[PDB]
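Chain IDs A, B, C, D, E and F follow the sequence of writing; residue 1 opens each chain.
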Amino acid sequence: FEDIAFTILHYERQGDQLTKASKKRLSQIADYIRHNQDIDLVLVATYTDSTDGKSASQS
Amino acid sequence: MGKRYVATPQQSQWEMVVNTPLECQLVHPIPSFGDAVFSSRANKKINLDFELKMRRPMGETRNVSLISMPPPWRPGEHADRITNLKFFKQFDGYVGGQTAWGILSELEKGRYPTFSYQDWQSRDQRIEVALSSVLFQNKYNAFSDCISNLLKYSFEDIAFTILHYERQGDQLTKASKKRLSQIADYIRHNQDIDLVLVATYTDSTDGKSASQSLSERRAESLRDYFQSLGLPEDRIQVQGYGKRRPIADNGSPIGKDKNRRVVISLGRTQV
Amino acid sequence: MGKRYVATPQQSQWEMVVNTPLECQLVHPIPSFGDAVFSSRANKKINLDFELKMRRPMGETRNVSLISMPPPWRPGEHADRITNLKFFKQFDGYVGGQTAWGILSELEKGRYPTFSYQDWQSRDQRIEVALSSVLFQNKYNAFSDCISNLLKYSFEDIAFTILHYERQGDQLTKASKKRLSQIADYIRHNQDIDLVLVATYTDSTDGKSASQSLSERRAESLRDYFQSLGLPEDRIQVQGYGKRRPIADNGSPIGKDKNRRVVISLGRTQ
Amino acid sequence: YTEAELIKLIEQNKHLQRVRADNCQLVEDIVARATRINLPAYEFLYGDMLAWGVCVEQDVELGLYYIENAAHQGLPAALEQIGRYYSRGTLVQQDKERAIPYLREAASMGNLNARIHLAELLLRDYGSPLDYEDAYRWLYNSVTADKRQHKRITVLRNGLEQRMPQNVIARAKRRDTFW
Amino acid sequence: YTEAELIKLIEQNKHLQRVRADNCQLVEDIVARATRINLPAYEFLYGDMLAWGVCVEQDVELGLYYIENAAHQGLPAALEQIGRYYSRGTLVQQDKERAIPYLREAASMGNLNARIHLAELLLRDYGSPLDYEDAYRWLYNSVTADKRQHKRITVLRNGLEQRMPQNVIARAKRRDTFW
Amino acid sequence: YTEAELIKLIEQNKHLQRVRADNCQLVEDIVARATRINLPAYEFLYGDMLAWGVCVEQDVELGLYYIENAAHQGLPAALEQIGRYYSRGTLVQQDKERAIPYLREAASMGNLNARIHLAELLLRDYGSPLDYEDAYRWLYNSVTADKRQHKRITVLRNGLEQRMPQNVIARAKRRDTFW
């Protein structure tokens, strides 16, 4: 639980999909969650680059 | 009396786990210890991995002795020392190069490849791990048949390919068709590729509009072909350039032959 | 001890895999090792290739010894040293020339051709590979019959052909019809030929329109003939050049006959 | 330059000398053509200039970048340049086995120097004995007027033949037509 | 301060020196930005100011809280700082095995200090071999301009190489890895 | 040039000498006729001009291409030239066994040089006895005015006669053969 409790994932330059390594880490998280019933809270904080507009970034 | 992990003649079994033109895998379960895995993969060069996978991972890095011990039912035969390896902590034991083929050879002769080392999980006492040669020959024949049917090239060998088109029509030359067939075989069996760049060009025979239209036509034909191979649409990025950006002298038919080309680049990230 | 790869009399079998007027292929499966393939191909010269194909490829280039060992059931007979070969890395063993015929001969006498060398996959130890003579005679007779029924020309000998027409008429000369029959035989027996290029053209005796008409009629007759052999219409190409592009001095009787000619060019997908 | 003129200059390995002779007036033209329209011949010329600092300031990293840009386009000379750089260790770390795939494509394109260097590397045990057949084929079908290059190709062919069964040599010598 | 300049100063370990050089005139702005807007750079800066008591009073718990919030949002320097605090016992009870995950995450994000410290901890048996590969990978494709740090990185790379088989080493050198 | 005169000059091996004697004034006409009209005599002439680099620049590949096109259309001198290039290794890699078919076709069309060269190659074991008959036939009914060449032809005829049975010799001397 100490090794996966905090995870930071990255997105591809164009698209709404995660990178390969980020999908692998998400699979690790999913395995640990699906096998552990004591996990109560999940905090997700997505945020993006400055390339798009502020409304577009928020969307 | 120390610990000796070997499959008894009634327990010994060999299995072909992976039998595909991209990988061959032969597995011997060592009872109460783990597995011994022989893995060969498609490549330009001879390669074989032997991996001793343990249920309880290696506790400390130890010097291991590989010997070709005779089985009990072979009196009057001495043991041949093969080599000394190093097994690393929390990693599966690895033997490679000619030594893995030597292990296979010593199994083919009815002998037991024995790894002897001091086990951390065993109060640092010496233990033996032997591979049984019972019921091995049939599976060795199947493994060698699989090895004979391995593709003779890896992904590195099809990553960047320049194909050429014929002077008349929209069909690839013979050599280009052969190389495309190689790419098709590997893609058909792997499908892991995440970047397929198809940049098409033409010669200087047609007008700019006609050359651009023809190049885009052939690009989209290749894109449809790669989709038929199973790759998702997103990974394919086709682009037609027409007569623009020649690489050769268009004043000679040889130059026009060189200029009617398509560049296919395949990219993947292991991580 | 040593590793000897040979088929026991209960395991030894010989097969004629390819039996066509363009190739002959006699195959002997060596158990646990691979195949031994004798191949003969249609050609103008005597040719035989022996390939020791191995399941596990050759680890390193090694000097190999070819001996004619007697079988166990022949006491009192000694072994004859045949020759010394070299087996190369990641390649099948190849024996050619007179030595392949000699291997076939030593098999005909009832002996075992034995290749001995140090195997890289076997901890650099000496191993033997033998070809069994059990059940060899009938397949050797079939192999000799197929070699007898081989075409005496290869793709290189017919890929470019130039034929001539008679002075009066739309028919080819005798020799040109014979060469066209040779081409038709090779095409009908070879499925790898993809392209046929026909370029008829004539003498200057007739008018330019008449020359073009004759050339095109001849080209269409040859195209129909090539269709009769089974090739699809999208593969055959035919063009009539009339009296243009003369290769010989028009005006001389021999020159005009030279120019009254067809070019047939084949193209294969090997 | 038109482009065919520039390509012919490149093929003779005189493009840098040509730009030197013209007193470095083509500098901005070359830069604009290379980085704006991405003409492969101009890309290779700009990459070479950046690599050796001819009429421009030297930039090895960007020079190799533009050489690669030209190679991925299909230029026979950029591919051979990349392969030779990897094999010799010029401007990059020496790597023969990384070089070989580049040299192969240039050799298949018709580049004589790529064929010769590929044969030299294969005869030095820097590739599996599965690239030998293609190298022998390419050398066998090579035509040249330089007697030195002719003798070199012949010797390399003999060297390659001393490692092949001669059922592979015959297969390399076969063509799909009479010519 | 702009966010980018503050981030770059944080990476160089001169944010506190810069704030001192300003004679602590922007302290109110820093407090407002950290507490209300929750800007990770300002959260890290405010946490360092509170923790070590520069200009502002020394409030160790609150400073560590704001550093942990900067880490929450994911500032690699914050993760590295918490890791080295745990590993060296600075303001916290020394627990290297607890330090390991923080350093690992910071290294995976691209912090060179985290990579070197994590490799040093692993070479002292404060983790597992199941990290070496990644750590080795992170030390392999890392570019530094300091000759001393370059030598240290090479030494740590060799130290890790002496502990993994050729299979794992081959896999480590042959993977997509960035930052 | 007229087509007939060019053909006769090609057969005498004086087309290049004639073009030099014209101080290369018709080069544009030769290029236009070869490239556009595809006249076999002009294709052969242009190929020889490009290959050996007389007046025009030396482009070996393109010259051999145009010679091969002249051969495509069927100029016997072009076939003989390609055959002797392969047999002697001139501008191409020496392959006598590859030379044999070209020489055979040129001889069958009527080229005396091809007939003599083919007989010489066969007498060096560079073919098969399945050719001797035809070659012998082609050497039997061949008329030359040069006493040296006549003696050479007779010598080659005797050399071939020493290798075939009386049945095949009788059949060879008793066949319809022209040119």
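Operating definition for what follows: a residue touches a chain if its C-beta (ideal position, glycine included) is under 8 Å from a C-beta of that chain, and two chains touch if they have at least 3 such contacts.
Chain labels with UniProt names: B, C = Component of sodium-driven polar flagellar motor; D, E, F = Sodium-type flagellar motor component.
The interface with the greater number of C-beta contacts, when C-D is set against B-F, is C-D.
Taking each chain's centre as the mean of its CA atoms, F is the chain most distant from chain E. In this assembly, the C-alpha centroid of chain C lies 27 Å from the C-alpha centroid of chain F.
Per-chain Cα centroids separate chain B from chain E by 39 Å.
One inter-chain figure worth recording: chain A and chain F are separated by 76 Å, centre to centre, where each centre is the mean of the chain's CA atoms. Contact with two or more other chains is made by residues 20-21 of chain A. Residues of chain F in contact with at least two other chains: 61, 71-72, 98, 101. Contacting chain pairs (ordered by label): A-B, A-E, B-C, B-D, B-E, B-F, C-D, C-F, D-F.
Looking at the complex, you find that chain B touches chain D at residues 44-45, 152-153, 156-157, 159-162, 174-175, 199, 201, 244-251, 254, 258, 261, 263, 265.
Residues 128-130, 163-168, 174-177 of chain E touch chain B in their complex. Only residues 59, 61-62, 65 of chain F touch chain B when the two sit together in their complex. Contact residues of chain F toward chain C in the complex are 3-4, 7-8, 38-41, 71-76, 98, 101, 104-105, 108-110, 127-128, 130-131, 176, 178-179. On chain B, the positions that touch chain A within their shared complex are 194, 234, 269, 271.
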